[PDB]
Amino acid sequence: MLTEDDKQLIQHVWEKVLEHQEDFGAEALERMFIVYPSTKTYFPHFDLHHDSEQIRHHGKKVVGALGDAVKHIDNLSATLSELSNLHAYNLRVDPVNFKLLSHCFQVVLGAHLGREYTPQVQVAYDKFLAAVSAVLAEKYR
């Protein structure tokens, strides 16, 4: 699972993310939409043009939820309970897509951190994002 070193590497990168919640989240979403266009069908009600108000506002919410997960890393299922029911029962998100967005978020992190997105940092975020993804899907099992 996540070690204390993992958590420290995560928070160090995160306090930067929290400074630009809207930019980061929108960039992750647009990389997903552009690289994996099938994911766009979950957002027919969104204007999906670059930097649309809907993309930016939603980006901030996604990053905000991930920030909540960072705080309550040891109590993920409970903390994300409402979101889990939302993505499974209401939105019926295909689990493969949680991996796609997780991956795109890592690309955004890599782009912004450059040299500082070390293997150790990537491992930490991979474990974190996989843990969050498992929870958002746990209502399928």
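Each residue number is its position in the shown sequence, starting from 1.
Trainee: Test of understanding: from the entry's C-alpha B-factors, which stretch has the higher mean, 123-131 or 16-24?
Mentor: The recorded data point to 16-24.
Trainee: Going by the average Cα B-factor in the PDB entry, point out whether 102-110 or 48-56 comes out higher.
Mentor: The entry gives the higher C-alpha B-factor average to 48-56.
Trainee: Of the options 70, 96, 34, 62, which has the highest CA B factor as deposited?
Mentor: Result of the comparison over 70, 96, 34, 62: 70.
Trainee: Among the modelled residues of its chain, does the C-alpha B-factor of residue 79 lie in the lowest, middle or highest third?
Mentor: For residue 79, whose C-alpha B-factor we compare with every modelled residue in the chain, the answer is the highest third.
Trainee: Rank-wise, by C-alpha B-factor, drop residue 90 into the lowest, middle or highest third of its chain.
Mentor: Highest third.
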